[PDB]
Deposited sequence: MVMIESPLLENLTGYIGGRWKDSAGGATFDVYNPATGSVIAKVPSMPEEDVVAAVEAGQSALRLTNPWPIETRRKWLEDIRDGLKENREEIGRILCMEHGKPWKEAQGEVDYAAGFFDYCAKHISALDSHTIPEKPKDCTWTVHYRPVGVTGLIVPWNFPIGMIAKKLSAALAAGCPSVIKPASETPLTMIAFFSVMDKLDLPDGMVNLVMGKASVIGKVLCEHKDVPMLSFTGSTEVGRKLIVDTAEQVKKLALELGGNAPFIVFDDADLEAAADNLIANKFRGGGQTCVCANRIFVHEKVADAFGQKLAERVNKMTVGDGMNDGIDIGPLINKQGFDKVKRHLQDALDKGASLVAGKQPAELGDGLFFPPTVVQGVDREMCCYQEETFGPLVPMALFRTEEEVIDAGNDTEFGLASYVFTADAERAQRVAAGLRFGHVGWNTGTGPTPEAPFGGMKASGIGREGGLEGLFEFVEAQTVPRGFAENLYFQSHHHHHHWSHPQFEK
């Protein structure tokens, strides 16, 4: 059983109060490393969620809005709370997620970064008066809080994800009802424990936990929740669009991906291998930003694969708390099985094994396979595991089409020394994020979001700041 100064209150949080009405109802939180229960978390009822919304609604202030300077201070204080607690918050993340302790701490730093960007740029929501005076009026445009919002996040980034949402929601003056994945609630609870000591207005942030059905239902149907920001499965997200259609709710969605990582025959192979590894095994591959389809030009395919094998073979798998562990365990059995299945499917269909073990011999080790085509499962769906499937290509036009050969359009990466070709590939890829000779993911300073089925809206950057506002135009 886990114990932490950040978790002395193992319960919900409503209107400035740690509380719940589960009546002892509980759900288990496992450590994927030990296969053991590390905490029993209150499984909260419908009524707690409704209580949460009433509290948020009561912190919402339109006629007498919290001032810009007051909000900026919450933002700074949160940035500072995360940084101060990185080690312990990161510890809890490692234990419920699997992710190595060091990487987990870094995610906390990353989270801090989003609060920092919103604090410095919160003025971007300042209302403005256009210079033109049509129909003999003066026209002023305001950005109103959208209202109480539900922030829903997956286990993929137990702390980084909510940071992207909460930072922009607070900047806009929106109270929020927050729901974490039942796989990684503890990092949430810890996070609230830190905020609990920062003098946020009662009901500005609220925490509900438990059965997805119970929480999701209230949040979808409630008339005082004009907006949902959801990150998670495309399946669940599509059900959200349907279930919020009558009220025509405002949605921010970041869903599944199928990131093509493209390496040209004129690529800097060493940089590309280095970037690939950094990109791919972050979170044991369990990311929507992680490369999923590696396209390598025939002329350098063999040398590239060997470069990844040299790198991949020096990596270690195991318990992430221990030191010197590069990748931890996958989140659960269902996730492990899908990765094993993709491995089998590729080999059975005749891909070759460049690095890693045979599925029969299988914690999932870093694995590289070569000779992948559109017929393999791992090409058609996202692996969410430490698997590197290499596909071949020769032409620019071919690889762009193959790149775009998917429902999705979240992240992608292109490596080439021809700057003009790199630029065309970026324009041609129907993805919200394109790495140009880098495999680096989204940053708080810039928009991240998907085209096609990968989502709606952008988080991070200028546009991220506008997620939780409604433009209101006022002629005088």
Segments lacking C-alpha coordinates (deposited sequence numbering, starting at 1): 1 to 2, 365 to 368, 483 to 506
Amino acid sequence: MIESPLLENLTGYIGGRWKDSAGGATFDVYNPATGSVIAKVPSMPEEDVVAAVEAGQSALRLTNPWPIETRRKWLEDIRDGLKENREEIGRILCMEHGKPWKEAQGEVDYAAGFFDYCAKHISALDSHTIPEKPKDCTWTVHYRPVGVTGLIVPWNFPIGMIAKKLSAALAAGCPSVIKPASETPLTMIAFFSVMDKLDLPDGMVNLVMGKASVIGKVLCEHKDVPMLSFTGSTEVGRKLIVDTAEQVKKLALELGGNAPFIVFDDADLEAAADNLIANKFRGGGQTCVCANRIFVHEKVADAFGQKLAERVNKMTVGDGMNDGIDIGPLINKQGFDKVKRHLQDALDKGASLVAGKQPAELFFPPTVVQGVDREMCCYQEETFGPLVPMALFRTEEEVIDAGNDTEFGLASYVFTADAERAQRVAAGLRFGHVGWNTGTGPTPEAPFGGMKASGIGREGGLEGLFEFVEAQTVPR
From here on, numbers count along this sequence of modelled residues.
Between 368 to 376 and 231 to 239, which has the higher average C-alpha B-factor in the PDB entry? 368 to 376
Higher-scoring stretch by recorded Cα B factor average, 95 to 103 or 257 to 265: 95 to 103
Go through 274, 183, 87, 401 one by one and give the residue whose Cα B-factor in the PDB entry is largest. 87
Compare the CA B factors listed in the entry for 450, 45, 444, 428 and report the winner. 45
Would you mind checking where the Cα B-factor of residue 465 ranks among the modelled residues of its chain, as the lowest, middle or highest third? lowest
Check where residue 316 lands among this chain's C-alpha B-factors and tell me if it's the lowest, middle or highest third. highest
Among modelled residues of the same chain, the CA temperature factor third for residue 422: lowest
Binned into thirds over the chain's modelled residues, the C-alpha B-factor of residue 148 lands in the lowest
Name the third of the chain's ranked CA B-factors that contains residue 55, choosing lowest, middle or highest. middle
